[PDB]
file data21.pdb (PDB, C-alpha atoms and all ligand atoms)
ATOM      1  CA  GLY A 316       7.831  -0.338 -24.497
ATOM      2  CA  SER A 317       7.355  -3.875 -23.199
ATOM      3  CA  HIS A 318      10.952  -4.710 -22.287
ATOM      4  CA  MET A 319      14.040  -2.642 -21.497
ATOM      5  CA  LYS A 320      16.616  -2.970 -24.222
ATOM      6  CA  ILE A 321      20.353  -3.199 -23.660
ATOM      7  CA  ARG A 322      22.042   0.234 -23.499
ATOM      8  CA  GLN A 323      18.745   2.207 -23.742
ATOM      9  CA  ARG A 324      17.936   4.817 -21.088
ATOM     10  CA  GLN A 325      14.537   4.000 -19.557
ATOM     11  CA  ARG A 326      12.233   5.232 -16.819
ATOM     12  CA  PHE A 327      10.175   3.812 -13.895
ATOM     13  CA  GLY A 328       9.086   7.160 -12.435
ATOM     14  CA  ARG A 329      11.963   8.508 -10.297
ATOM     15  CA  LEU A 330      14.251   5.572 -11.117
ATOM     16  CA  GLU A 331      16.401   5.740 -14.311
ATOM     17  CA  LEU A 332      17.730   2.546 -15.791
ATOM     18  CA  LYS A 333      19.867   1.174 -18.521
ATOM     19  CA  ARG A 334      20.371  -2.485 -19.172
ATOM     20  CA  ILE A 335      23.782  -4.110 -18.900
ATOM     21  CA  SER A 336      22.687  -7.694 -19.517
ATOM     22  CA  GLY A 337      20.027 -10.385 -19.109
ATOM     23  CA  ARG A 338      16.440 -10.729 -20.168
ATOM     24  CA  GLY A 339      13.225 -10.703 -18.185
ATOM     25  CA  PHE A 340       9.982 -12.529 -19.019
ATOM     26  CA  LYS A 341       6.874 -11.055 -17.429
ATOM     27  CA  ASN A 342       3.939 -13.298 -16.183
ATOM     28  CA  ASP A 343       0.847 -12.153 -14.224
ATOM     29  CA  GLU A 344       0.671 -13.504 -10.690
ATOM     30  CA  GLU A 345      -1.665 -12.957  -7.794
ATOM     31  CA  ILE A 346       0.495 -11.310  -5.154
ATOM     32  CA  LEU A 347      -0.199 -11.209  -1.443
ATOM     33  CA  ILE A 348       0.749  -7.754  -0.254
ATOM     34  CA  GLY A 349       1.339  -7.051   3.502
ATOM     35  CA  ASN A 350      -2.065  -5.374   3.579
ATOM     36  CA  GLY A 351      -3.652  -8.743   3.256
ATOM     37  CA  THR A 352      -5.112  -7.853  -0.121
ATOM     38  CA  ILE A 353      -4.217 -10.059  -3.027
ATOM     39  CA  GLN A 354      -3.415  -8.172  -6.256
ATOM     40  CA  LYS A 355      -2.604  -9.267  -9.814
ATOM     41  CA  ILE A 356       0.853  -7.975 -10.826
ATOM     42  CA  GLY A 357       3.285  -8.477 -13.726
ATOM     43  CA  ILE A 358       6.210 -10.436 -12.178
ATOM     44  CA  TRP A 359       9.441 -10.485 -14.192
ATOM     45  CA  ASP A 360      11.440 -13.703 -14.096
ATOM     46  CA  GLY A 361      15.090 -14.106 -15.179
ATOM     47  CA  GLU A 362      18.439 -12.495 -14.272
ATOM     48  CA  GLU A 363      18.822  -8.848 -15.123
ATOM     49  CA  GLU A 364      21.656  -6.307 -14.671
ATOM     50  CA  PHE A 365      21.074  -2.536 -14.836
ATOM     51  CA  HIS A 366      22.699   0.789 -14.490
ATOM     52  CA  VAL A 367      20.407   2.835 -12.259
ATOM     53  CA  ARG A 368      20.114   6.407 -11.144
ATOM     54  CA  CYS A 369      17.988   8.477  -8.823
ATOM     55  CA  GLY A 370      18.947  12.155  -8.918
ATOM     56  CA  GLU A 371      22.697  12.299  -8.229
ATOM     57  CA  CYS A 372      22.959   8.696  -7.014
ATOM     58  CA  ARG A 373      24.344   6.042  -9.351
ATOM     59  CA  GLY A 374      24.558   2.274  -8.999
ATOM     60  CA  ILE A 375      24.353  -1.151 -10.577
ATOM     61  CA  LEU A 376      21.476  -3.521  -9.938
ATOM     62  CA  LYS A 377      21.216  -7.239 -10.128
ATOM     63  CA  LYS A 378      17.911  -8.947  -9.722
ATOM     64  CA  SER A 379      16.302 -12.301 -10.201
ATOM     65  CA  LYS A 380      12.628 -13.118  -9.914
ATOM     66  CA  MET A 381      11.170 -11.258  -6.993
ATOM     67  CA  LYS A 382      14.594 -10.682  -5.476
ATOM     68  CA  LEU A 383      17.124  -7.888  -5.362
ATOM     69  CA  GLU A 384      20.377  -9.928  -5.629
ATOM     70  CA  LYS A 385      23.078  -7.220  -5.415
ATOM     71  CA  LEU A 386      23.035  -3.391  -5.482
ATOM     72  CA  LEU A 387      26.319  -1.450  -5.718
ATOM     73  CA  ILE A 388      25.897   2.325  -5.139
ATOM     74  CA  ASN A 389      28.378   5.173  -5.539
ATOM     75  CA  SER A 390      28.481   7.464  -2.535
ATOM     76  CA  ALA A 391      26.264  10.587  -2.890
ATOM     77  CA  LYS A 392      23.819  13.081  -1.372
ATOM     78  CA  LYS A 393      21.963  11.105   1.282
ATOM     79  CA  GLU A 394      18.301  11.738   0.117
ATOM     80  CA  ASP A 395      19.190  10.410  -3.306
ATOM     81  CA  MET A 396      20.932   7.307  -2.001
ATOM     82  CA  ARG A 397      17.873   6.584   0.134
ATOM     83  CA  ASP A 398      15.534   6.840  -2.783
ATOM     84  CA  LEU A 399      17.733   4.940  -5.167
ATOM     85  CA  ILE A 400      17.673   2.124  -2.617
ATOM     86  CA  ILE A 401      13.885   2.249  -2.252
ATOM     87  CA  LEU A 402      13.310   2.441  -6.000
ATOM     88  CA  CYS A 403      15.646  -0.537  -6.513
ATOM     89  CA  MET A 404      13.789  -2.502  -3.838
ATOM     90  CA  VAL A 405      10.395  -1.899  -5.586
ATOM     91  CA  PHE A 406      11.814  -2.356  -9.081
ATOM     92  CA  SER A 407      13.150  -5.745  -8.117
ATOM     93  CA  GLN A 408       9.738  -6.984  -6.867
ATOM     94  CA  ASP A 409      11.405  -8.399  -3.862
ATOM     95  CA  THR A 410       9.226 -10.596  -1.655
ATOM     96  CA  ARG A 411      10.196  -8.336   1.240
ATOM     97  CA  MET A 412       9.014  -5.145  -0.516
ATOM     98  CA  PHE A 413       5.506  -6.737  -0.957
ATOM     99  CA  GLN A 414       5.347  -7.655   2.777
ATOM    100  CA  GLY A 415       6.095  -4.077   3.838
ATOM    101  CA  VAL A 416       2.868  -2.611   2.487
ATOM    102  CA  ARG A 417       1.086  -1.747   5.778
ATOM    103  CA  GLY A 418      -1.408   0.982   4.978
ATOM    104  CA  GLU A 419      -4.122   1.321   2.356
ATOM    105  CA  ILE A 420      -2.965   1.516  -1.254
ATOM    106  CA  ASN A 421      -5.228   2.170  -4.264
ATOM    107  CA  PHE A 422      -5.051   0.444  -7.611
ATOM    108  CA  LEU A 423      -7.963   2.515  -8.917
ATOM    109  CA  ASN A 424      -8.336   6.307  -8.617
ATOM    110  CA  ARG A 425     -11.488   8.120  -7.448
ATOM    111  CA  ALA A 426     -12.808   8.614 -11.004
ATOM    112  CA  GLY A 427     -12.492   4.757 -11.232
ATOM    113  CA  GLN A 428      -9.555   4.777 -13.684
ATOM    114  CA  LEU A 429      -6.863   2.056 -13.771
ATOM    115  CA  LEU A 430      -3.596   2.658 -12.002
ATOM    116  CA  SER A 431      -0.324   0.841 -12.360
ATOM    117  CA  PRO A 432       0.455  -1.510  -9.562
ATOM    118  CA  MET A 433       4.198  -1.204  -9.696
ATOM    119  CA  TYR A 434       3.909   2.646  -9.903
ATOM    120  CA  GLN A 435       1.553   2.822  -7.009
ATOM    121  CA  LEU A 436       4.034   0.735  -4.911
ATOM    122  CA  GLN A 437       6.805   3.129  -5.785
ATOM    123  CA  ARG A 438       4.495   5.958  -4.639
ATOM    124  CA  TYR A 439       3.640   4.145  -1.466
ATOM    125  CA  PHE A 440       7.306   3.515  -0.561
ATOM    126  CA  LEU A 441       8.949   6.880  -1.495
ATOM    127  CA  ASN A 442       6.611   8.287   1.076
ATOM    128  CA  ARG A 443       6.706   5.563   3.775
ATOM    129  CA  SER A 444      10.261   4.203   3.394
ATOM    130  CA  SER A 445      10.348   2.830   6.925
ATOM    131  CA  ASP A 446       7.746   0.374   5.864
ATOM    132  CA  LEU A 447      10.140  -1.319   3.482
ATOM    133  CA  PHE A 448      13.270  -1.086   5.650
ATOM    134  CA  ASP A 449      11.395  -2.836   8.486
ATOM    135  CA  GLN A 450      11.211  -5.957   6.266
ATOM    136  CA  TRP A 451      14.602  -5.800   4.700
ATOM    137  CA  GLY A 452      17.245  -7.122   7.120
ATOM    138  CA  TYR A 453      20.941  -6.658   7.740
ATOM    139  CA  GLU A 454      24.185  -8.494   6.998
ATOM    140  CA  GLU A 455      27.859  -8.053   7.764
ATOM    141  CA  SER A 456      29.483  -5.391   5.600
ATOM    142  CA  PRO A 457      32.054  -6.294   2.898
ATOM    143  CA  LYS A 458      35.541  -7.090   4.260
ATOM    144  CA  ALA A 459      37.337  -4.868   1.689
ATOM    145  CA  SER A 460      37.812  -1.197   2.504
ATOM    146  CA  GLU A 461      37.098   0.210  -0.962
ATOM    147  CA  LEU A 462      33.572  -1.123  -0.188
ATOM    148  CA  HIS A 463      31.371  -0.004   2.775
ATOM    149  CA  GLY A 464      28.035  -1.017   4.255
ATOM    150  CA  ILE A 465      25.175   1.430   4.604
ATOM    151  CA  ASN A 466      22.228   1.424   6.944
ATOM    152  CA  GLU A 467      18.775   2.825   6.511
ATOM    153  CA  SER A 468      19.868   6.188   7.880
ATOM    154  CA  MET A 469      22.508   6.184   5.107
ATOM    155  CA  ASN A 470      25.556   6.158   7.348
ATOM    156  CA  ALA A 471      28.511   3.840   6.765
ATOM    157  CA  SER A 472      28.063   0.848   9.036
ATOM    158  CA  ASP A 473      29.555  -2.506  10.043
ATOM    159  CA  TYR A 474      26.226  -4.096   9.155
ATOM    160  CA  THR A 475      24.516  -3.262   5.865
ATOM    161  CA  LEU A 476      21.111  -3.657   4.154
ATOM    162  CA  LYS A 477      21.120  -7.121   2.595
ATOM    163  CA  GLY A 478      22.782  -7.175  -0.840
ATOM    164  CA  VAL A 479      23.621  -3.477  -0.629
ATOM    165  CA  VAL A 480      27.206  -2.147  -0.936
ATOM    166  CA  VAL A 481      28.709   1.325  -1.413
ATOM    167  CA  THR A 482      31.895   2.471  -3.240
ATOM    168  CA  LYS A 483      33.579   5.794  -2.621
ATOM    169  CA  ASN A 484      32.622   7.465  -4.830
TER     170      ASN A 484
HETATM  171  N1  LIG A 501      12.680  -6.412 -14.608
HETATM  172  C1  LIG A 501      12.179  -5.667 -15.573
HETATM  173  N2  LIG A 501      11.137  -4.808 -15.331
HETATM  174  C2  LIG A 501      10.660  -4.074 -16.375
HETATM  175  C3  LIG A 501      11.194  -4.239 -17.721
HETATM  176  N3  LIG A 501      10.485  -3.382 -18.581
HETATM  177  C4  LIG A 501       9.564  -2.731 -17.806
HETATM  178  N4  LIG A 501       9.680  -3.172 -16.500
HETATM  179  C5  LIG A 501       8.936  -2.806 -15.304
HETATM  180  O1  LIG A 501       7.775  -3.625 -15.281
HETATM  181  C6  LIG A 501       6.690  -2.840 -14.795
HETATM  182  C7  LIG A 501       5.566  -2.806 -15.819
HETATM  183  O2  LIG A 501       4.376  -2.681 -15.053
HETATM  184  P1  LIG A 501       3.242  -1.723 -15.646
HETATM  185  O3  LIG A 501       3.812  -0.619 -16.490
HETATM  186  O4  LIG A 501       2.260  -1.373 -14.568
HETATM  187  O5  LIG A 501       2.672  -2.570 -16.831
HETATM  188  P2  LIG A 501       1.929  -3.975 -16.690
HETATM  189  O6  LIG A 501       2.922  -4.977 -16.096
HETATM  190  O7  LIG A 501       1.563  -4.220 -18.165
HETATM  191  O8  LIG A 501       0.660  -3.930 -15.842
HETATM  192  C8  LIG A 501       7.217  -1.435 -14.543
HETATM  193  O9  LIG A 501       7.531  -1.342 -13.154
HETATM  194  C9  LIG A 501       8.487  -1.379 -15.345
HETATM  195  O10 LIG A 501       9.503  -0.494 -14.831
HETATM  196  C10 LIG A 501      12.301  -5.217 -17.827
HETATM  197  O11 LIG A 501      12.851  -5.452 -18.927
HETATM  198  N5  LIG A 501      12.726  -5.862 -16.755
END

call {"tool": "encode", "arguments": {"input": "data21.pdb", "output": "structure tokens"}}
result
Amino acid sequence: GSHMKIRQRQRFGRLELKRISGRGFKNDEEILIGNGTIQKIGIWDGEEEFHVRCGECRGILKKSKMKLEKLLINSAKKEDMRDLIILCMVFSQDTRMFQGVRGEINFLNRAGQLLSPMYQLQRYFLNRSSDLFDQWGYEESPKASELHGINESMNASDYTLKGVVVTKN
């Protein structure tokens, strides 16, 4: 439907979600993507908390408008952690995710049909993940030792992708 309901499993392609709290309101906005093209996109506004999964990787997501606030992941198979992080970055509509679009991206297919902007961004980044990580930035990992940082190669690290933390497991 239109909005993800508390406790309801939902899909955004490869990302699975399930609301813990909050409400979003969606408004259309002209967004500048890093391409230099300006595209009309449905921007959610409000604080939202979700359970998320990509394959075997689980976590909890907090967002606000156009910002991934916090993402706590449970340790898992590396490919899945990497995609869960990408899918969370796109799902949150973070200003930095928009900036990382470098190459051409289509919002219309060759038959001239209408494609989903958020879906097409997910497709662009699952395939060119670098292009998001370039924009993302690092911060000091959490002081506690039940919590670790992770870098874009998915190894534990003393500096971590901003807002991202890992628990074992
Ligand atoms: N933050 C947030 N995003 C949602 C919610 N419900 C759906 N979405 C996402 O909002 C986007 C909807 O975009 P799309 O399906 O292309 O529909 P459009 O916005 O009507 O053009 C998708 O990426 C969904 O995963 C919600 O409750 N909160």

call {"tool": "residues_near_ligand", "arguments": {"input": "data21.pdb", "ligand": "ligand LIG 501 (chain A)", "cutoff": "7 Å", "atoms": "all atoms listed in the file", "output": "PDB file with C-alpha atoms, in the frame of the given file"}}
result
ATOM      1  CA  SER A 317       7.355  -3.875 -23.199  1.00  0.00           C
ATOM      2  CA  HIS A 318      10.952  -4.710 -22.287  1.00  0.00           C
ATOM      3  CA  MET A 319      14.040  -2.642 -21.497  1.00  0.00           C
ATOM      4  CA  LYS A 320      16.616  -2.970 -24.222  1.00  0.00           C
ATOM      5  CA  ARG A 326      12.233   5.232 -16.819  1.00  0.00           C
ATOM      6  CA  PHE A 327      10.175   3.812 -13.895  1.00  0.00           C
ATOM      7  CA  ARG A 338      16.440 -10.729 -20.168  1.00  0.00           C
ATOM      8  CA  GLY A 339      13.225 -10.703 -18.185  1.00  0.00           C
ATOM      9  CA  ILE A 356       0.853  -7.975 -10.826  1.00  0.00           C
ATOM     10  CA  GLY A 357       3.285  -8.477 -13.726  1.00  0.00           C
ATOM     11  CA  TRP A 359       9.441 -10.485 -14.192  1.00  0.00           C
ATOM     12  CA  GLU A 363      18.822  -8.848 -15.123  1.00  0.00           C
ATOM     13  CA  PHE A 406      11.814  -2.356  -9.081  1.00  0.00           C
ATOM     14  CA  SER A 407      13.150  -5.745  -8.117  1.00  0.00           C
ATOM     15  CA  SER A 431      -0.324   0.841 -12.360  1.00  0.00           C
ATOM     16  CA  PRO A 432       0.455  -1.510  -9.562  1.00  0.00           C
ATOM     17  CA  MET A 433       4.198  -1.204  -9.696  1.00  0.00           C
ATOM     18  CA  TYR A 434       3.909   2.646  -9.903  1.00  0.00           C
TER      19      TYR A 434
END

call {"tool": "resolve_selection", "arguments": {"input": "data21.pdb", "expression": "the PyMOL selection byres (((chain A and resi 394) around 12) and not hetatm)", "output": "VMD selection string"}}
result
chain A and resid 369 to 372 390 to 393 395 to 401 441 444 467 to 470

call {"tool": "resolve_selection", "arguments": {"input": "data21.pdb", "expression": "the PyMOL selection byres (((chain A and resi 331) around 10) and not hetatm)", "output": "PyMOL selection string"}}
result
chain A and resi 324-330+332-333+365-370+373+399+402

call {"tool": "resolve_selection", "arguments": {"input": "data21.pdb", "expression": "the PyMOL selection byres (((chain A and resi 344) around 10) and not hetatm)", "output": "list in words"}}
result
residues 341, 342, 343, 345, 346, 347, 353, 354, 355, 356, 357, 358 and 359 of chain A

call {"tool": "atom_distance", "arguments": {"input": "data21.pdb", "atom1": "atom CA of residue A:360", "atom2": "atom CA of residue A:422"}}
result
22.7 Å

call {"tool": "residues_near_point", "arguments": {"input": "data21.pdb", "point": "(12.7, -8.8, -4.6)", "cutoff": "7 Å", "atoms": "only C-alpha atoms", "output": "VMD selection string"}}
result
chain A and resid 380 to 383 404 407 to 412

call {"tool": "write_last_selection", "arguments": {"input": "data21.pdb", "atoms": "C-alpha atoms", "output": "CSV table (one decimal), in the frame of the given file"}}
result
chain,number,residue,atom,x,y,z
A,380,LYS,CA,12.6,-13.1,-9.9
A,381,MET,CA,11.2,-11.3,-7.0
A,382,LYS,CA,14.6,-10.7,-5.5
A,383,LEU,CA,17.1,-7.9,-5.4
A,404,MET,CA,13.8,-2.5,-3.8
A,407,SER,CA,13.2,-5.7,-8.1
A,408,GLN,CA,9.7,-7.0,-6.9
A,409,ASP,CA,11.4,-8.4,-3.9
A,410,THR,CA,9.2,-10.6,-1.7
A,411,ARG,CA,10.2,-8.3,1.2
A,412,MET,CA,9.0,-5.1,-0.5

call {"tool": "closest_residue", "arguments": {"input": "data21.pdb", "among": "A:426, A:476, A:376, A:335", "to": "residue A:456", "atoms": "only C-alpha atoms"}}
result
A:476

call {"tool": "atom_distance", "arguments": {"input": "data21.pdb", "atom1": "atom CA of residue A:334", "atom2": "atom CA of residue A:374"}}
result
12.0 Å

call {"tool": "atom_distance", "arguments": {"input": "data21.pdb", "atom1": "atom CA of residue A:438", "atom2": "atom CA of residue A:451"}}
result
18.1 Å

call {"tool": "residues_near_point", "arguments": {"input": "data21.pdb", "point": "(26.4, -2.2, 8.7)", "cutoff": "12 Å", "atoms": "all atoms listed in the file", "output": "list in words"}}
result
residues 452, 453, 454, 455, 456, 457, 458, 462, 463, 464, 465, 466, 467, 468, 469, 470, 471, 472, 473, 474, 475, 476, 477, 478, 479, 480 and 481 of chain A

call {"tool": "residues_around", "arguments": {"input": "data21.pdb", "residues": "residue A:418", "least_positions_apart": "4", "cutoff": "12 Å", "atoms": "only C-alpha atoms", "output": "ChimeraX atom specification"}}
result
/A:348-352,413-414,436,439-440,442-443,446-447
